[PDB]
Amino acid sequence: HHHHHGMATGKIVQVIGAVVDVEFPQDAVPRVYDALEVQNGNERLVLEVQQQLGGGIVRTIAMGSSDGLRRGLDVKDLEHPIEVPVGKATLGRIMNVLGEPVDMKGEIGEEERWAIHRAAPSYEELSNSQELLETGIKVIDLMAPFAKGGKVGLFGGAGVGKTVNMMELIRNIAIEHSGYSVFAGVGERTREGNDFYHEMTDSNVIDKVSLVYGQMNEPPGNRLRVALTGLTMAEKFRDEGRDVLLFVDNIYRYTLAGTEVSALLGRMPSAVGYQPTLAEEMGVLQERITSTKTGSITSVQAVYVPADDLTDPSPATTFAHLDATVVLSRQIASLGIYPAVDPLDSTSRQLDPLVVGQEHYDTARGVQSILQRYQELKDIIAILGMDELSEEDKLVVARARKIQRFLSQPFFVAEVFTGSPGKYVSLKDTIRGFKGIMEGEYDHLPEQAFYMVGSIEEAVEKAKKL
Amino acid sequence: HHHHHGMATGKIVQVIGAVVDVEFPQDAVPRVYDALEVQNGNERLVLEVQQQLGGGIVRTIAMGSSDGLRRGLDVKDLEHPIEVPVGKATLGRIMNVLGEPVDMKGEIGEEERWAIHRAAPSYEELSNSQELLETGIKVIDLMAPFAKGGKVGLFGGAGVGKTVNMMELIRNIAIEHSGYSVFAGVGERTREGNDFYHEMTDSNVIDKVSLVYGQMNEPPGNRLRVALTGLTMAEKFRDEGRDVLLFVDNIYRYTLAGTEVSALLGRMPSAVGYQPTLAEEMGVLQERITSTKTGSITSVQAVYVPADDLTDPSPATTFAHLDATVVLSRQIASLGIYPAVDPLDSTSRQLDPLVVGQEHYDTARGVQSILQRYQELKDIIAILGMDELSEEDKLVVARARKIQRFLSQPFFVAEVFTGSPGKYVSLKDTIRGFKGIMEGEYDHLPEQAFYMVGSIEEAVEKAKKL
Amino acid sequence: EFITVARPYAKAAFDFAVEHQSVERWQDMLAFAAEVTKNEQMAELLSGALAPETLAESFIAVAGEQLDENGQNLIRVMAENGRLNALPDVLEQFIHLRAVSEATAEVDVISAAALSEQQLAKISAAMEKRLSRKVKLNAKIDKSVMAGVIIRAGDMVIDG
Amino acid sequence: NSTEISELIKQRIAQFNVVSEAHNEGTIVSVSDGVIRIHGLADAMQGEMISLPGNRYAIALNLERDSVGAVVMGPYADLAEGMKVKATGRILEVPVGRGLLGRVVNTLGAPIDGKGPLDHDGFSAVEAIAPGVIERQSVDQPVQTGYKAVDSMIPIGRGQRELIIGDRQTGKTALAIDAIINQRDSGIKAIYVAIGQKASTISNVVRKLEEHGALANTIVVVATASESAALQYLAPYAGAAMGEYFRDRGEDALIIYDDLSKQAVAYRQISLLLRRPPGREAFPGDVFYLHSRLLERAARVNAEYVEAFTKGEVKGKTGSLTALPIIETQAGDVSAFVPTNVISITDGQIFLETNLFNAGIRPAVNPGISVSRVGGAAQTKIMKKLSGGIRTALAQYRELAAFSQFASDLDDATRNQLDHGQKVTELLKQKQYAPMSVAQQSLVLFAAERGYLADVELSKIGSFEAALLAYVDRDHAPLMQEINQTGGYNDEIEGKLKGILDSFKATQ
Amino acid sequence: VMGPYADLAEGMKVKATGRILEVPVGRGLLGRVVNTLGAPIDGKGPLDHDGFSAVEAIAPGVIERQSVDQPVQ
Ligand SMILES: Nc1ncnc2c1ncn2[C@@H]1O[C@H](COP(=O)(O)OP(=O)(O)OP(=O)(O)O)[C@@H](O)[C@H]1O
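Each protein sequence line maps, in turn, to chains A, B, C, D and E.
Going by this note's numbering, the first residue of the first sequence is number 1, and it counts up by one from there.
Going by this note's numbering, the first residue of the second sequence is number 1001, and it counts up by one from there.
Going by this note's numbering, the first residue of the third sequence is number 2001, and it counts up by one from there.
Going by this note's numbering, the first residue of the fourth sequence is number 3001, and it counts up by one from there.
Going by this note's numbering, the first residue of the fifth sequence is number 4001, and it counts up by one from there.
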C-alpha cells in the first residue's frame, strides 16, 4: 500500500453512505483518487476520496456498506489509490475483482503495486501507425482483415464456440500469436463461472490470462472497477511488448454501470442519468488499446449489450470501435459447418476494394460478388427450379456446397476441442485456392471434400479425397 | 436622460451579471426604470434599476457585459430612463437600436429626449371610434377592407414585393396616404440589411422612417428594447397627427425575446419560461396603436414567426390583431400576376356580408362566390374536360383569365420599381367594373387585356386594347 | 442557533479568546454581551437595523461595550456576519470550551441530582455515594429506584 | 462560508477591524476539480486569466465576491486550495495576424505543430463578430464542390454561411476533402475546427495532408477527448479572431468547424457544474448568444471595411470571410433546439440523406432538401447559365420513377425522363476523394445541355464513351483551358463543344 | 399590490384601512359606467352607491331557496 501509515482522518461526520461525510485530519486531504484506508469495523476500511473537499471533510467512497459504525472514526489515507500488484505474472492465476487471489488463492501473480492509471500514448507512442491483424482462422481471418492492437465490435448470438475459438485464440493469441494474451470478465453465473473454469480447462490455456471476475451482484463501483488496473496489467503485456490483447466482457454491465455511477453522484449525469463522461472514458479506453510501440495493446471487443441499444451510443461508439462488422449465423450453425457462424455482416472495413486493393477487392470483393452468387443462386435460384439458373448459379451452389463447404474447415479451436486440427490459415489458398477454386477451379471439388476442410489443399486435396 | 449628475451609487457589491449586485449611494434608489448611468470602465455605464431594492443595492441591468471591473464602483443615476431624443425628425435618418446615429452618423433627427413610456389612450382619446382603412392597392385594398390606425396579422411566404409594395406604401403611406409613415426592424443579415439600404434606395423613400436596427446578436434587452421609444416617436407621428403608421418586424424575436427575458429573471416566467406579461405587453401594444385622435396610431403587423407557433398564443393574439386574414401565393406568384400573392385567406373580417353590407356582401361576398366560381370552375371544371362546365365556369375561367387577369394590375409599387404605375385603386371599378365586368360584363375582356391591368378601365379599356 | 457558525465562534473563542485568555476575559465580556441581547428593548430593537455597523455600534455602545476589542473588532466580525443574532450557542459552546477543557462531572440515577465532578468514572462518583452521607437520593430515592428494579420486575409482569 | 475561518475570525477578532489583504493573490479558498473558491485578486480584470501555479492563466468570469470561483486550467483536480493566486488580470491573448499559418496547432496553438514554432503576429484575444453590415462585400466568388452536383447545384463566395449534416459513418467525417484536394489550390486559406477529435484519424489524415495537401495552406485546430470546455466548448468560440489577418487585411479569410456539441454540454454541463442554468437540453441560448457572438461573423466585408478593417492599410480591401456549418447528420434528431435555433440561423442548409450513402451511392445527401442561401448566385454563364435545369428535373426522374410501380406503363415520358433522369442520375455519383473540374462540369453543360450524352447514354457507353469523351476530348479540347478559364456559355466555344462532342461520339 | 407596483421604494409608511372590501353596494347605482377596478368610468364615474360592501358570496340556503322556473325568452 501507500502511506495510510498514521490512520489519519478522524470521524465520519454524518454517517450516511460510502462517500464520506467524514472528518479527516481536517487539514489532511489527498488527491480525491489518492486513497484513504481506514479500519472498517473489523475490516480495514478504504475510500479513495470521492470528493476533494476540505476540512478532511470530502466525499470518499467505496463499493461496500456503512451500517453499524459510529460517525466517529479515523481513516488512514492510502497516499496512492490505484497502486495494486500488477504486471503479467497474474496470467492464468485467479485475481479477485480486487485482484485478490480469487481462486483457492488464485494468486494472480503479485506484481507492481501498480497504478491503474495507465492511459493514452503520444501520437507516435503506441504506433503513430496502422497495424493490421489476422491469426489465420481457417475460413475467417481469411474472411475478414483486422487491425492489430485494438478492439472490434462483435455482434453474434449463440453457439459461437467462443470458448472453442478462444482455444483457437489460445491456439492463436497464445499460440499462433505470441503477444501476451490476457482477458477478464465480470458479472457471470456462479457455478457457470466455475463452469468457465471448466472451460478454462477446456482451453486449459487459462494460464495466459489471470482469472478476475465481477459476479454482477458486485456493487456499482465494484462492478465498474477492474479496468484501469487492467492497464496496470497491459502495463505489462503491451508495455511488456508481448502485445497486450485482453478479452473484454461487458458493456451493458459497463454502460448501465456508468449509469448507476452518475446516478449515485446525483449529478446532472449523462442523458438518462448515465455516466456523463463514460464516452470520454471510451476516449481513455481506445486511448489505452493500440497496437503499440510497447507491444500491441489489443482487446477483444464484445459488449454486454447495453440492452443491445438501438443506435446505441455504445454501438455508435462501438461502430468505429469495430474495424470489422460482425454477425454469427445460427444458420451456418444450422449449416453447422466448421464455419458455423454468419460471414454475412462479418468483414473488415476497408479490406476488399482498397487497402487490399484488388487483393481483397478481387479475392474478397469479388468474393462478395460470390456472396451475391450463392446469394441469389442459392436464394434466387432456390426460389423455383434452378434449371433456369446457369450451373454457375449451381456452381454458386457449389460455391455453397463446394466452396461454402470449403469454408467449413477444421479449427485450431476444434483441435483444442474436438481435435479437428485447424490452423492459422493462408488466405492465399483463399484469395487463390478458394477464390479461383471456389469460383472456377476444381468446381468438381465435393462439398464434403470442401466441407469441414481447411484451405483449398484441405478442401481441394480433400477433393483428392473428394 | 437626466440627472446622474453626481455619479451617485457606489460599489457593485457582488460583481456578477448586468443586473446590479451593487452598492448605490445606499439611500439613493430611483424608480427601478429611472436610470443609473455610471462609467463602465472607459464607457459610461448605465443601468435602469432592474430591481427596486434598498441600500442602493438593487438589481440594475444592461444589455452589455461586466468582466474586468472591480466590485467597487460608483454609478450616476440617470433620473430618467426612457427619455431619448425622439420625435418625427428621425424619419429616414439612421437611428441605432440606441437611436444613435446608426449610419454614417445616421443622425435620426435628435428630438425630445422623450420618454419611451407613451402608452394607451382614454376610451375616447385615440378615438373611441372605429376607423376603416385602405390605400387603394390595385387589386388588393379593393380585395380586403381594413381599419385605420392599427395592425393586422400578415401570413405569407415569399416573393411579396414587400419592399415593392412598401414602395406602393411609400406610394401610399408616404404618398397615397399622408399620415406619417414610419417603420423599424431588428435582427437582420448584415450586408443584407445594408441591402435593405440598397432597397432603401429602391423605394428611395426611406426618408419617411428613421433607420433603427437590431442585428439579432443584440443581447436580450438590446434585442427587446426599441419599442417604447418608438412610442416616443409616434409621440410624434400619431401624436403629430400625421398618423403614426410604423412597420413592425419581429415577433419570434419578440416572443422568444420575452422568453429570454423572463428566463434571465429566473422568475416563474410565462409558460415555458416566456415573458409572463408579454401578452399584457400586447395590451400595452395595441394600447399604443389606434387610429387616434392625435393621428391614427397604426402599425404594419407582420411577425417574426414565433416558430410560426401552432395555435400560437402569438397568432391567438395576432388573430384579433388581424382585422384581415392574410396569405401570399407563390401560386399567384406562379400565376406571377401583377397580383402575384394569395387572395385566398386574405380579406378584412367583417367586410362582405355586413359592415359593407352588400357593398362587399354583394361585390365582395358575391365576389367570394366567384372565388367558388373559378374555384370549382377552374378547379372542378379543370378536373376533367370542362365541356360539361357551363362557359360561366369558363367565364369563371374568364374570371380566372379575364377577371383574375384584371386582378393582375400595375402597382404604385411597380411604378416605384418596374415603372408599372399602379394606383390607389377604386373598388367601385371593382364592386362594379370588376364585379359586374368580371362577372357578367364585357366577359370578352381578354385575360391579357385584364392581365397586369388595373381597375376595369385599365383591364377593360385594356380590353379596348383587348 | 445553528451553533455551527457559533461553532466556528467558540472555536475562535477558546482560540483567539483563550489565546487572549479572553475565554475567561471575554467570558466576562461575553457575559456582558448576552446581557446586552438579554436586554429586551435591545431585543425589541434587536434587528430593525440594516447597518450591522449600527448594530455593533448601538450594541457595545448601548450595553456599555464590555466586549473585548477582539470582541469589538470581532463585534465587527459576528455583528457584520449577523451570526451575532444567536448569542448563547457558542456561549454554552464556550462553557463547553473552558468547561470541556475542565470536564469532570457526574449524574445521579435513582437519586436527587448529583453532578459531582468526577474526572474518572466512579472516581468522584463512588466517592460521592460512598461519601454519602447523602445516601437519600431523595428525588429519585425509592419509587424511582424500587420502581427501577421493580420496573424490570413489572417488565417480568409482562407475563401478566 | 465566512465562519469557516475562526482562525481569520481569530484574526477578525481584530481583523474584522484589522484588514487590508487586497492583492492579486489571495488563497484559492476551495479546491475541487479546478473550481476553487479563491481569495485576493481584488478588482481582477476581465474573466481575468490568472497564470496559474504550474498551470494556465486561470479565468474567473463574474466576480464571486467572497471567494471567486475559478476555472480548471488544464488539470482540474490536482490539489487542495489556498494557492494564494497565481494570477494575471489578462485574459484573451493569443498569437495573431497572419504569421503562423500552415504549421499545426494545439488547442493551445502552433506549439502542437511538430514544428510548434509557428509564429502568428502575436498575442490576441480570440473573439470575433460580424463584418460591417454596411461595410461588407458581397462576394459571389464562386466555389467548386469537387462533387460537381453540389458546385453547380450550389455556387457561393467569400462571406457565405450555410448548414450541413454529414451522415453516420458515411459521409460526415470523410466529407468533401476531395474538394479540399480541389481546395489544396483553394488559395483562400482555409482551416477546419474539429471538436474532440481522435488522433490517428488526424495522423493518417495527415497522410492525406501530404496526399491531398496542403497542410501549409493553413494550420488547423486541435481538440480531443480531453478537450476542456476551454478546449472543447470554447474552441468554436475560441477560433474567432486572427482570421482578420486575412479578413481584416480585407483579405479573404475562410475556415471550417463542425459538430461541437461537446461545447454544448461542455459549457452547459459546465453550467450544471457552474450551477448555472442549463437551458433547454441543459444548455441556454448561449447557443444563439454564441452564434450571436461567434456565428454572426462570416462576411466578405466592404472596402469600407479594410479602409477600416485594414484601417486604410488595405485602404478599402473587401474583408472576405466565408465559413459554413456542418452539424454532422446523426440520429435524425434535427430541430434540436439550438440546431432549430441555428436552423433559423442557417443561411444555407444541407439536408443530407445517408440513404444513398446507405445506398452507398457516392451521392448520399437529400436532394435540394439541402438548401443553400448562395447557390448558382456564384455560378457562371456556363455554370449559372449553361448548367441550370438540375434539381427540379431531378425531382422528375424521382417523381417520374414514382408512380411507375403501382400504376405502371410510364411512357417514354418517364422512361425517357425518369430513366434519362435515372441514367443521368447515375452519372451523378461522385465517389469519396473525387474533386470535380469546371471543364469537367462543362461535360454536363454541353453533353446534358446538348443532350449529347444520349448517344453514349447507356451507362456502359455513358461511362465508356464518357471516358473516350474525356480522353480524346482532352486531346481534341486543349483550348478547354480557356473554357476552364472561361465562365462559359460561350456560343462560339459552345458550337466548338458541339463539334468536339461529335468527336465525343466515338472519340472525343 | 393594488395597481401600479413599480413607483417607489419600500418603507413608505404603511397606511392601513382595516377593511378588506368596502365597496359601493345596493341597487342604487345601475347603468352608470364603472371600471372593474372601480365604480368610476367614462363618462360618469359616478353611480348611486348604496354603500361600501364586500363582494364575496356563499350559496343561499338550499333549504331556504325559492325554486324558480322564472321563464326564459
Ligand atoms: N454517398 C456515399 N456513398 C458511398 N460511400 C460514401 C458516401 N458518403 C460517404 N461515403 C464513404 O464513407 C466515408 C465517409 O464516412 P465518414 O468517415 O464521414 O463517417 P461519417 O459520415 O462521419 O459518420 P458520422 O456522421 O456518424 O460521423 C467516406 O470514406 C466515403 O467513401
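Even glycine gets a Cβ: it sits at the ideal position worked out from N, Cα and C.
Proximal chain B residues relative to residue i, where beta-carbon distance stays under 9 Å
i	result
residue 4039 of chain E	Going along chain B, no residue has its Cβ under 9 Å from residue 4039 of chain E, so there is no contact; the nearest lies around 16 Å.
Helix, strand or coil at residue i according to DSSP, with G and I counted as helix
i	result
residue 2001 of chain C	coil
residue 1314 of chain B	helix
residue 1298 of chain B	strand
residue 3430 of chain D	coil
residue 1036 of chain B	strand
residue 95 of chain A	strand
residue 118 of chain A	coil
residue 80 of chain A	coil
residue 1434 of chain B	helix
Under 8 Å by beta carbon: chain B residues contacting residue i
i	result
residue 4056 of chain E	Correct list: empty, because the minimum Cβ distance to chain B is about 26 Å.
residue 3062 of chain D	1015, 1016, 1017, 1066, 1067
Cut-off 6 Å between Cβ atoms - residues of its own chain near residue i, not counting five sequence neighbours on either side
i	result
residue 381 of chain A	389, 393
residue 329 of chain A	341, 342
residue 2017 of chain C	2023, 2026
residue 3372 of chain D	3154, 3162, 3348
residue 3401 of chain D	3418
residue 2 of chain A	78, 79, 80
Beta-carbon neighbours of residue i, restricted to chain D and to distances below 7 Å
i	result
residue 1216 of chain B	3292
residue 2080 of chain C	3016
residue 1191 of chain B	3133, 3136, 3138, 3299
Close beta carbons around residue i, own chain, < 8 Å, minus the five adjacent residues each side
i	result
residue 174 of chain A	181, 205, 208
residue 1041 of chain B	1068, 1069
residue 2072 of chain C	2056, 2060, 2065
Residues that residue i contacts on chain E, provided the C-beta gap is smaller than 9 Å
i	result
residue 1288 of chain B	None at all; the shortest Cβ gap to chain E is about 18 Å.
Contacts of residue i in chain D (Cβ-Cβ under 9 Å)
i	result
residue 2083 of chain C	3002, 3003
residue 1093 of chain B	Residues of chain D passing the Cβ test: none, with the nearest at roughly 15 Å.
Partner residues on chain B for residue i, Cβ-Cβ distance less than 7 Å
i	result
residue 3046 of chain D	1067, 1068
Neighbourhood of residue i by C-beta distance below 7 Å, restricted to the same chain and skipping five residues each side
i	result
residue 415 of chain A	171, 421, 422
residue 1030 of chain B	1036, 1049, 1077, 1079
Partners in chain D for residue i, counting only beta-carbon separations shorter than 8 Å
i	result
residue 2008 of chain C	3003, 3004, 3005, 3006, 3009
May I have all residues whose beta carbon comes closer than 6 Å to any heavy atom of ligand 1, sorted in chain order? D:3166, D:3167, D:3168, D:3169, D:3170, D:3171, D:3172, D:3173, D:3174, D:3175, D:3328, D:3329, D:3330, D:3356, D:3357, D:3360, D:3361, D:3362, D:3363, D:3364, D:3432
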